[PDB]
Amino acid sequence: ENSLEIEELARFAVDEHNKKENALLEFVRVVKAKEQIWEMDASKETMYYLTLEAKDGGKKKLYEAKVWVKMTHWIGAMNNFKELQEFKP
Amino acid sequence: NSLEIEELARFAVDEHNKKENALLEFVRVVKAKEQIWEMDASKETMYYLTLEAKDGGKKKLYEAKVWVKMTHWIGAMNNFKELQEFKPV
Amino acid sequence: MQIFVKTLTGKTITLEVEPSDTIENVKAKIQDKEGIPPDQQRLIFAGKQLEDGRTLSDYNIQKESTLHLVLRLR
Amino acid sequence: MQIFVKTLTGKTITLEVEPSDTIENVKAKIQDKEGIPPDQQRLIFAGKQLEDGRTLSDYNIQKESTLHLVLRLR
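Quick notes on the rules
Residues numbered from 1 in each chain as written, not as in the entry; some residues may be left out. Chains lettered and ligands numbered in written order. Heavy atoms only, no water. Residues with missing side-chain atoms left out of burial classes, pairs and counts. Pairing = 2+ DSSP bridges. Helix = DSSP H or I, 4+ residues; strand = E, 2+ residues; numbered from the N terminus. Contact = heavy atoms within 4.5 Å. Nonpolar A, V, L, I, M, F, W, Y, C, P; charged D, E, K, R; others polar. Axes fitted to C-alpha atoms, helices over the stretch in contact; angles between N-to-C directions.

- Method of determination, as given in the entry header: X-ray crystallography; reported resolution: 3.800 Å.

### Looking at the sheet that holds strand 4 (residues 48–49) of chain D
Residues and elements named next belong to chain D.
Argument step 1. Taken together, the five strands give an open sheet; going across it, the order is 2-1-5-3-4, and neighbouring strands pair in mixed fashion. At either end of the open sheet lies a strand with only one pairing partner, and these are strand 2 (12–16) and strand 4.
Argument step 2. Sheet analysis places strand 1 (residues 2–7) next to strand 5 (residues 66–71), joined by four bridges and oriented parallel. Residue pairing across strands places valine 5 opposite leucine 67, the latter belonging to strand 5.

### Considerations on the interface of chain A and chain B
Argument step 1. In this complex, chain A contributes 15 residues to the contact, which on the side of chain B involves 15 residues.
Argument step 2. Elements that contribute at least two residues to the side of chain A that touches chain B include exactly helix 1 (3–21) and strand 4 (77–88) of chain A.
Argument step 3. In terms of residue count, strand 4 of chain A provides more of the side of chain A that touches chain B than any other element does, eight residues in total.
Argument step 4. A breakdown of the residues in the side of chain A that touches chain B according to their chemical character gives seven nonpolar, three polar and five charged.
Argument step 5. Looking at chain direction, strand 4 of chain A and strand 4 (residues 76–88) of chain B are connected through seven bridges and run antiparallel. Bridging from a neighbouring strand, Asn79(A) pairs with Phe80(B) of strand 4 of chain B.

### Let's talk about the interface of chain C and chain D
Argument step 1. Each partner contributes residues to the interface: chain C has 16 residues there, and chain D has 16 residues.
Argument step 2. Here the element with the most residues in the side of chain C that touches chain D is strand 5 (residues 66–71) of chain C; it accounts for three residues.
Argument step 3. Taken together, the residues that form the side of chain C that touches chain D break down as nine nonpolar, four polar and three charged.

### What about the sheet that holds strand 3 (residues 59–71) of chain B?
Argument step 1. One open sheet accounts for eight strands, arranged 1(A)-2(A)-3(A)-4(A)-4(B)-3(B)-2(B)-1(B); its pairing is antiparallel. A single partner strand is all that each edge strand has here, and the edge strands are strand 1 (26–38) of chain A together with strand 1 (25–37) of chain B. The sheet shows a mean angle of 20 degrees between the axes of neighbouring strands, direction not considered.
Argument step 2. Strand direction decides the pairing type here: strand 1 of chain A and strand 2 (residues 43–55) of chain A, joined by eleven bridges, are antiparallel. Of the residues in strand 2 of chain A, the one forming a bridge with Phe27(A) is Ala54(A).
Argument step 3. Most of the contacts of helix 1 of chain A go to strand 4 of chain A, to which it runs at about 60 degrees, and overall it touches strand 1, strand 2, strand 3 (60–73) and strand 4 of chain A together with strand 4 of chain B.
Argument step 4. Helix-sheet contacts for helix 1 (residues 2–20) of chain B involve strand 4 of chain A together with strand 1, strand 2 (43–54), strand 3 and strand 4 of chain B, and the interaxial angle to strand 4 of chain B is about 60 degrees.

Given below as C-alpha cells:
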C-alpha cells in the first residue's frame, strides 16, 4: 500500500509474467496504482491493479498487472499469500 | 539473515504474548538453530530460536520454535509461519 | 444470516446460518456444500480457533462476518 | 513409493503411490485418507499447477518428492 511494497509487488508481477510466458521484460517503474482492499479485523485481502512501465524490446512499453495478496493472521500464526492474477498490456 | 530471524523472533514473542495475554519484551536473539527442508520450489523451515526476553522487566531466556513454510509456484507465493511451541530454558 | 468462509488463499464460499447454530452444524454445512468433512475443518475468527461446542453468538460472529478455514488433514 | 502432500500451513500427509498413478488417483488417495473431494484439490509441484490427466512420471515426481495442496471451494 506504499511505494516500496508496490515496487516489490510490481517486480513480482513482471518476474512471474516472465516465468509464465518465458518473456524477458525489463522492469522500469510503476506509473499508476489502483487497489481494492478488504480489511476485516485480523485479515487483509487486496487486489492490486498496477500499471507499470517495462521494456520488452528495449523500448519502454506499458503493462497493467493485477496481483492478489491475502494476509491472514490468527492467534498463533500468519499467512501471506500472493498470486499474480493478470498481466496484460 | 539476522534481520529475518530478528523478525521471526519478534513474531514468536508477539504471538505468544497474544496467546497468554503475557507482555514479554523482546531483547535480542542469542542463538539460532534451524532445520530446513528444500525442494524445487517450496522451502520448509522449523526455527529453534534461543532468544532473550524481559518477563517482569529483568531479562529472561526463552526457547521458541517457529514453523515457516514458503510455498511458491508459477505466478504466486505463499508465506506461512506458525509459532508451534514456546518454552523457557 | 449469511457468513463467509475463506481459505488462506482467498477462495470464498457463503453459508446461510443462524446465531443459534453451532460450529458443528456450520462445519456440517461446509461438508454438504463443499464436501470437506468437519473433522478436517479448523475454523478461525477474531484470531481464535473455534470449538465445535460453542455457538456463533458466543464468539460474536455477527451477520455477514467472515471466517477463515484451514485444513487439518487428520 | 511414498510421496508427501502438504498444505500451505505445513500439515503433512503421506500417500503410497506408484509413478503410474494419476493426479486423479492421488486426489482419490487424499479423499480416502483425509476426506477432501478431488474437485476441491488443486495440486502444485515444481512451480506448476498439476492437471488431473497427467502422471507422476510426466512431472518427474521421483521418490520422496513433495506436492502441495490448495483448497479451492469451487
